[PDB]
Amino acid sequence: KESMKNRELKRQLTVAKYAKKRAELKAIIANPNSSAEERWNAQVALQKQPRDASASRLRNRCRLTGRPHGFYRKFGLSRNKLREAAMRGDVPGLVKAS
Amino acid sequence: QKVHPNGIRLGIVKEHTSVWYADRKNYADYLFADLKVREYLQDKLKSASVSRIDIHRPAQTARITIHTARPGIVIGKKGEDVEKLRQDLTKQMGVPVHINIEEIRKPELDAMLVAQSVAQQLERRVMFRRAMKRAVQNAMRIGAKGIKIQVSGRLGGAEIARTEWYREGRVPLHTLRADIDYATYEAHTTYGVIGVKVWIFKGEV
Amino acid sequence: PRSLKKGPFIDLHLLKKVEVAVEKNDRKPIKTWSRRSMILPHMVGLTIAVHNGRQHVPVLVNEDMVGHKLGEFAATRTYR
Amino acid sequence: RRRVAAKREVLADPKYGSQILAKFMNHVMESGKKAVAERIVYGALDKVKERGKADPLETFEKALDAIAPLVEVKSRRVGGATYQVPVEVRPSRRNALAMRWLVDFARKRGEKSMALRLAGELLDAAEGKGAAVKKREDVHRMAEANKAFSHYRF
Amino acid sequence: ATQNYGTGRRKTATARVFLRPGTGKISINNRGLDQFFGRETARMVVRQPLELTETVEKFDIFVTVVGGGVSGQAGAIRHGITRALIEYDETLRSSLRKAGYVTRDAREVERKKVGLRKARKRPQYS
Amino acid sequence: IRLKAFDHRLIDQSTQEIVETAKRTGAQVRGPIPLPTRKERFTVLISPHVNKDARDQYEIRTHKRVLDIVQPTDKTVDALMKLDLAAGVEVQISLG
RNA sequence: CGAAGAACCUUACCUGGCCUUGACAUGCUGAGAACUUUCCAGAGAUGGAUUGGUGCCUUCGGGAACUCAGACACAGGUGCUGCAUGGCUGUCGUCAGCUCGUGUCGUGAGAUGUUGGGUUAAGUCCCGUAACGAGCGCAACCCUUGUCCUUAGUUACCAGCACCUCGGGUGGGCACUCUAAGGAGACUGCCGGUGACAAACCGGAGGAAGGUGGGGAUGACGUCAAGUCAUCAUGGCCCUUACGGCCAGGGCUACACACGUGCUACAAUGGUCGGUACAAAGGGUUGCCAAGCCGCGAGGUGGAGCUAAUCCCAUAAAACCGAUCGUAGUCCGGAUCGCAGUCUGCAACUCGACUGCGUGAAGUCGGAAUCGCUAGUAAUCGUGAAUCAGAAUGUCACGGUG
């Protein structure tokens, strides 16, 4: 859809917006020398943030097409747009071989 | 069925349309630039026919060589389009952009330039064959040694998907030594979608 | 599961709708869509309306239900 | 069917100095376990030298030629009647028929200590009371009931 | 001098074999020959081109082999020493061309192809 | 000196553009040394709606190439870097 | 089988909560810079507070930038049509064919070339001949593996040389292995026989390789209105106070049954315990995560080294050696299940993976039937990658023994 790319655009904003406090709240919990009173109130600040901030909510879709399945991260393309753009000599250094 | 005649010869015949090295952390951040440049430029240069848009990346900026067979339409009154786009190619591609324009002398021997004219004729309600018997002999008075043109689609009919096929000369396709052009430009008539394929065969070796 | 470094789990809005709702005692069921949280010995004997998926079902909290979460007491699928 | 098949050769037995035993060793190997099967064939070779004072190659030389048959059937159907024809076994083929019959009856011997199963097989066939010798002679008896079909619709 | 360099490759192995006059000195990777190849018939297969050309007692042998498999390195030495023996002359050329020792075995492993599961095995249909 | 590009008809044709254009200026630069090559296979499915056993597999290469000076006394190649970079060659400097 | 990864997200479906020029496009009217608000209510959506911020170019008039509201055209659609179609793939089949120009025969649809003899993996060639030619195909051109030569020596290499603490550790060397560039080599070339002595065929020498050396990519004119409108593109048709948007939980992982592929097993060519030997190929500065270190164990600390022939992933397993095990539903097999743990993630209830401890099933080689494979092949043993916070008995890929 087009309305479905648009709702997973703003997830990428809200993850990259906060992005620093959640490093600190997970720095407090991960220490064995940390006190649980400093841990328990640190648990409060995680769950009162909106949940669309973790990377697990983020879903790497194809950038030109939007199809979820068949994505590679050494490119930005889908499974079936990568073929049509490679036969036209665009992708540099890419050939067939055996 | 008939694997694409560029993808088997990248190497012994032709080369890429874009050369630049990139690390594994920026490789997918230069592709998304260079793929929405070509969708941008062809939508602007719908006239003043364009065959090839090459992109080099020298040290840290850019270089682009747009090829037209009619450069005077694009360079009009000393770059009123050249500097106007060069302001606005940077807005999609944050590096400073060079724009260079060559000529495509003998415009009837490159497949993109030919197949754009076929969509023009077949949307003026010209006959499907009188347009194409004349678009091959004109491209055989000068130049090539073989031409195939396939015209498939609705072809005016009711429920008809026929394929016109006309050939002249010699066209090999299982010889990697040869030199073949290829282009698929489409056409939107008042009913149906017609796709056109072109296989201009220049000289071999 | 849920290793003992990070010991307990309970939801924040559930806690203020229980710990303050202890101070005025059990005269109402607690209607809550949450199912990810456990029950606790701060909550022995309450009445919770756990979301089935299309309705809420009542829960009689006992003393020997303490470790298991709310999900084991709401249904999902019928199979009559 | 253009005739293609050339010949590949395996002949290697350095610790004993033999040639028939190496080809016999390949009929014992399962899934490329050669070093496992090598010490079992020698493991059933020394028990014969433990049993008989003669060199146990000659026990193996005698045990082949009382399991190896002479003639056998060949169900060549005329296309409307199922016939069987007793045919002369080619001299190259008749080695591998005994060695393949020998191993398959060793596996159903049902003893303990696996090299003792193959040990008892090579002892019997120097006499004739082996199950491989009884399987040899029974197929010999099948040819003479089949002998009417030797040349005629054959 | 009299040092003779011999190489030989079989089943992705590679053996440096040096050959010089000595008295039965067979050493491989600073190990004895009986110690290196543990319990196999190929302990004698490395001697088979040597005892064919009746020079089993007349040379030092220094072998360094890398890569390959267990019994693939033993074949690399056997091909390797035959190239080192023919640096002398072609008197033993006909004694080894006829023996079938000089030709490198070209039989290498084959790649997995799509649709199939092994190099040639394919799944069952019905 | 180390060089990275995508095809051997550039990167092994730009070393002579450096070996000749540095040994001319007096300093000794030895012969270039090859390295192992990056090879990355990409097996992609080819049909839009499914038919699994029709596939197509590509490969992207990366050629490496290492130079070696002896006596550093020339800043000539430091100015002649925009010349020696042509289209897709990257040069990290290790002036030994 | 789309799916190269369903805890939510993905996700379309279900139950509600909730929007109406809209989550998004352009044009219009007003409003304020954008921003930051660190707060409560509420499952959240949202609603209302909310210290603050007051830019920016200025013909100093304002403009552009963003954000809020109003209204109109509209936006939007994973709704129907793959028999309205383009694009892209399967299939016969890597099968040896399929057609045209001119000419002649036939009232015409046709036919001849393209048939005959020999031969070939081959419509590949030779001899014949109302046909003479040409194209597509086959072959070769490309890649890889196997032999040698030249150019090249760090992070790779150790024959010669000393050095050593005995580790190429070090000086050193450019012999080598290796790496990768550029070349030669193989053409029925040569010998004999065979054929019309003409294609070719059977033997022979030499040679790393012998008769397209082995493998791979490359699939003709076409067929099945084969498949896909849910990858994308589009003709038409319908919805547009919802067939469109927003947010919680549930669901796709339900379950007498039947069919398809796949893994372990059913044991003594084995099972355990204790030693000990040899690989290729690949990933890693949003990462690998060592030494030391604490844990029955999965791990926890710890932080090096590292932008890669350097550092890490990373210990190959089968084989071998010694011991016990005596063929027993078992020192076989491991399903189920109780209990106890660690890791990721806001979150392991429905619904994750592994670890400990305990329990121990069916199974004693498996009907009628039925499929795969001609040589580094079947059979058997491991290793890696893609997708990926987490999660492979599948997919793709590399080697051992044979």
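How many residues are touching a residue at least 60 places away in the same chain (Cβ under 8 Å), at negative phi and among the polar types (S, T, N, Q) if we restrict to the stretch E:9-37? So the count comes out to 1. The listed residues are B:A161, B:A183, and the only one of them that is in the same structural domain as B:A144 (by CATH), among the small types (G, A, S) and under 19 Å from the mean Cα position of the chain (by Cα) turns out to be B:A183.
Table: residues versus (1) of a type outside the set (G, A, S); (2) more than 17 Å from B:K202 (Cβ to Cβ); (3) not in a strand (DSSP E or B).
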site: B:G143; (1), (2), (3): no, no, yes
site: B:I147; (1), (2), (3): yes, no, no
site: B:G156; (1), (2), (3): no, yes, yes
site: B:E168; (1), (2), (3): yes, no, no
site: B:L173; (1), (2), (3): yes, no, yes
site: B:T184; (1), (2), (3): yes, yes, no
site: B:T190; (1), (2), (3): yes, yes, yes
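Condition check: of a type in the set (V, I, T) and closer than 28 Å to B:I66 by Cα. Does B:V126 satisfy that? No: the conditions fail for B:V126. Screening the stretch C:6-59 for residues that are within 14 Å of chain A (Cβ to nearest Cβ) and among the basic types (K, R) and picking the one that is nearest to RNA strand G (Cβ to nearest atom) gives C:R36.
Residues in the stretch E:102-124: is at least one in contact with a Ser or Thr (Cβ under 7 Å, 6 or more places away or on another chain), farther than 30 Å from F:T43 by Cβ and either within 14 Å of another protein chain (Cβ to nearest Cβ) or near RNA strand G (Cβ under 7 Å from one of its atoms) (or both)? The answer is yes, given that some residue of the stretch E:102-124 is in contact with a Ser or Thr (Cβ under 7 Å, 6 or more places away or on another chain), farther than 30 Å from F:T43 by Cβ and either within 14 Å of another protein chain (Cβ to nearest Cβ) or near RNA strand G (Cβ under 7 Å from one of its atoms) (or both). Among the helices (runs of 4 or more DSSP H) confined to the stretch A:13-98, the ones with at least 3 residues that are within 14 Å of chain F (Cβ to nearest Cβ) and surrounded by 12 or more Cβ atoms within 10 Å (Cβ to Cβ) are located at A:82-86. Criterion applied to F:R61, F:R9 was being in contact (Cβ under 8 Å) with a residue 24 or more places away in the chain, under 22 Å from B:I8 (Cβ atoms), within 14 Å of chain A (Cβ to nearest Cβ) and not in a loop (DSSP other than H, G, I, E, B), and the one residue passing it is F:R61. Looking across B:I104, B:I8, one residue alone is part of a loop (DSSP other than H, G, I, E, B), more than 12 Å from chain A (Cβ to nearest Cβ) and surrounded by 15 or more Cβ atoms within 10 Å (Cβ to Cβ). It is B:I104.
Figure legend. Inter-residue proximity from the stretch B:185-197: first residues among the basic types (K, R), second residues near RNA strand G (Cβ under 8 Å from one of its atoms), beta-carbon distance below 7 Å, spacing 6+ or different chains. Indicated pairs: B:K197/B:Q150; B:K197/B:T184.
Among the residues of the stretch E:34-80, the ones that are near RNA strand G (Cβ under 9 Å from one of its atoms) and charged (D, E, K, R) come to 2 in all. Scanning the stretch C:34-50 for residues that are among the β-branched types (V, I, T), part of a strand (DSSP E or B) and touching a helix residue (DSSP H, G or I) at 6+ places or on another chain (Cβ under 9 Å) yields C:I48, C:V50.
For the stretch D:11-45, residues that are without any contact (Cβ under 8 Å) to a residue 60 or more places away in the chain, more than 8 Å from RNA strand G (Cβ to nearest atom) and in a loop (DSSP other than H, G, I, E, B) total 11. Quick check: is even one residue across the stretch E:62-72 farther than 14 Å from E:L33 by Cβ, among the hydrophobic types (A, V, I, L, M, F, W, C) and surrounded by fewer than 21 Cβ atoms within 10 Å (Cβ to Cβ)? Yes, because at least one residue in the stretch E:62-72 is farther than 14 Å from E:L33 by Cβ, among the hydrophobic types (A, V, I, L, M, F, W, C) and surrounded by fewer than 21 Cβ atoms within 10 Å (Cβ to Cβ). Within the stretch E:90-105, residues that are in contact (Cβ under 8 Å) with a residue 40 or more places away in the chain have Cβ atoms under 6 Å from residues that are part of a loop (DSSP other than H, G, I, E, B) in these pairs: E:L96/E:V102; E:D105/E:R10, counting only partners at least 6 apart in sequence or on another chain. Just so you know, in the stretch B:11-32 the residues that are more than 12 Å from RNA strand G (Cβ to nearest atom) and under 28 Å from F:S47 (Cα atoms) include one that is farthest from the other protein chains (Cβ to nearest Cβ), and it is B:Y30.
One line per residue, one yes/no per condition, for (1) touching an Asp or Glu at 6+ places or on another chain (Cβ under 7 Å); (2) among the basic types (K, R); (3) at positive phi:
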site	(1), (2), (3)
C:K28	no, yes, no
C:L46	yes, no, no
C:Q55	no, no, no
C:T76	no, no, no
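Residue count for the stretch B:68-100, restricted to those that are in contact with a strand residue (DSSP E or B) (Cβ under 8 Å, 6 or more places away or on another chain) and in a helix (DSSP H, G or I): 4. Pairs meeting the criteria (first residue in the stretch A:75-98 and under 17 Å from B:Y30 (Cα atoms), second residue near RNA strand G (Cβ under 6 Å from one of its atoms), beta carbons under 6 Å, at least 6 apart or on different chains) are A:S78/A:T65; A:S78/A:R67; A:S78/A:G70; A:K81/A:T65.
Kindly check whether there is at least one residue in the stretch E:24-37 that is part of a helix (DSSP H, G or I), away from every other protein chain (no Cβ under 14 Å), within 17 Å of the chain's Cα centre (by Cα) and farther than 26 Å from D:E38 by Cα.
From the stretch E:24-37, those part of a helix (DSSP H, G or I) are E:33-36; that's our starting set.
Filter again for away from every other protein chain (no Cβ under 14 Å), leaving E:35-36.
From what is left, the residues that are within 17 Å of the chain's Cα centre (by Cα) are E:36.
Within this subset, residues satisfying the condition of being farther than 26 Å from D:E38 by Cα are none.
Scanning the stretch E:24-37 turns up no residue that is part of a helix (DSSP H, G or I), away from every other protein chain (no Cβ under 14 Å), within 17 Å of the chain's Cα centre (by Cα) and farther than 26 Å from D:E38 by Cα.
From the residues in the stretch F:26-49 that are within 11 Å of another protein chain (Cβ to nearest Cβ) and assigned to a loop (DSSP other than H, G, I, E, B), which one is nearest to E:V114 (Cα to Cα)? So the residue we want is F:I46. Checking each residue of the stretch A:36-54 against the condition of being closer than 30 Å to B:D34 by Cα, among the charged types (D, E, K, R) and more than 7 Å from RNA strand G (Cβ to nearest atom) gives no match. With respect to F:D74, determine if the residue is within 12 Å of RNA strand G (Cβ to nearest atom), surrounded by 15 or more Cβ atoms within 10 Å (Cβ to Cβ) and over 17 Å from the mean Cα position of the chain (by Cα). Taking the combined requirement at face value, the residue does not satisfy it. Put simply, of F:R9, F:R38, F:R24, F:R61 the only residue that is within 7 Å of RNA strand G (Cβ to nearest atom) and either surrounded by 11 or more Cβ atoms within 10 Å (Cβ to Cβ) or of a type outside the set (A, V, I, L, M) (or both) is F:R38.
Among all positions in the stretch D:112-120, there is at least one residue which is under 14 Å from the mean Cα position of the chain (by Cα), in contact (Cβ under 8 Å) with a residue 60 or more places away in the chain and surrounded by 12 or more Cβ atoms within 10 Å (Cβ to Cβ). Against the test of being surrounded by 13 or more Cβ atoms within 10 Å (Cβ to Cβ) and either out of contact with any helix residue (DSSP H, G or I) (no Cβ under 8 Å at 6 or more places or on another chain) or small (G, A, S) (or both), the options E:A84, E:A119, E:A106 yield a single qualifying residue, E:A84.
Going by the conditions given, is B:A144 more than 16 Å from B:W199 (Cβ to Cβ), outside the structural domain of B:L31 (by CATH), in contact with a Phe, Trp or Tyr (Cβ under 8 Å, 6 or more places away or on another chain) and surrounded by 14 or more Cβ atoms within 10 Å (Cβ to Cβ)? Considered against the rule, which asks whether it is more than 16 Å from B:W199 (Cβ to Cβ), outside the structural domain of B:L31 (by CATH), in contact with a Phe, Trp or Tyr (Cβ under 8 Å, 6 or more places away or on another chain) and surrounded by 14 or more Cβ atoms within 10 Å (Cβ to Cβ), B:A144 comes out as no.
No Cβ is skipped: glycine too gets one built from the backbone with ideal geometry, and neighbour counts run over all protein chains shown. Numbers and lists here come from the model and the stated rules, or from a named source; these are not laboratory values.
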